[PDB]
Amino acid sequence: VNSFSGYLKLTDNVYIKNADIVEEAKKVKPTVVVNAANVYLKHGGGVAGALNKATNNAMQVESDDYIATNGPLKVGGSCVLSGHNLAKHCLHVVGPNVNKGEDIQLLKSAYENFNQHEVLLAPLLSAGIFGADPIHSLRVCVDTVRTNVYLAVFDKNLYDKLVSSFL
Ligand SMILES: O=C1CSc2cc(C(=O)O)ccc2N1
């Protein structure tokens with residue numbers, strides 16, 4: 001049994017809810033919240049900008065030190081950093097950004113990072129300002145992630161379309 005409330009069950013392991021990931025993180029304090037990161041961990045906008053704002057920029061300060069030491073992530077890759085006031089850990093995952101021309105086949109590689117964590121609160125990778133089709137992102141999630149994933153969807157309209165169209 002876990003703390004997550006109000007989710008619709010899509011599969012054995014994937015759950016979905018219309019909710020703000022930040023407000024959901026603040027309420028649940030999950031072991032892992034996933035960030036929709038870029039390779040530079042520059043948390044300017046979208047989910048990343050909202051998570052970072054909710055940490056009062058502490059996520060960005062920590063991320064800048066990580067990049068100064070390790071250099072950029074790979075598209076499809078990830079790193080584990082603090083969850084600050086939102087979660088125990090933040091898994092920063094880089095999905096391909098279609099608005100930069102990145103290979104959408106890298107979306108499966110991105111979701112494979114989730115399998116290293118038994119339970120996660122996450123957004124749909126490569127959705128929103130990363131430019132991918134969120135219906136496609138949900139399909140790759142269900143067909144790739146085997147651990148228990150609780151998906152938070154920003155837009156109510158999109159949430160209802162994802163559920164209604166789910167196979
Ligand atoms: O508070 C906010 C507004 S910014 C924001 C954007 C997104 C998104 O782009 O999916 C998700 C949650 C978000 N939380």
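Positions are given from 1, in the same order as the sequence printed here. Heavy-atom basis, side chains included; hydrogens, waters and symmetry copies ignored. Both ligands and their constituent atoms are indexed starting at 1 by order of listing.
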| With no hydrogens and no angle check, is any side-chain donor or acceptor of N52 less than 3.5 Å from a backbone partner on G49? | no

| Under 3.5 Å: donor-acceptor pair, side chain of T31, backbone of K88 | no

| said: Starting from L10, can I reach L107 by hopping between I/L/V/M/F/W/Y residues whose side chains sit under 4.5 Å apart? | reply: yes

| query | Do the side chains of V39 and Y66 join up, straight or via other hydrophobic residues, at under 4.5 Å, putting them in one cluster? | reply | yes

| Nearest non-hydrogen protein atom, atom 4 (S) of ligand 1 | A50 CB, 3.5 Å

| Residue and atom name of the nearest protein heavy atom (relative to atom 14 (N) of ligand 1), distance in Å to one decimal | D20 OD1, 2.5 Å

| Evaluating non-hydrogen atoms only, which member of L124, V47, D155 is closest to atom 10 (O) of ligand 1? | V47

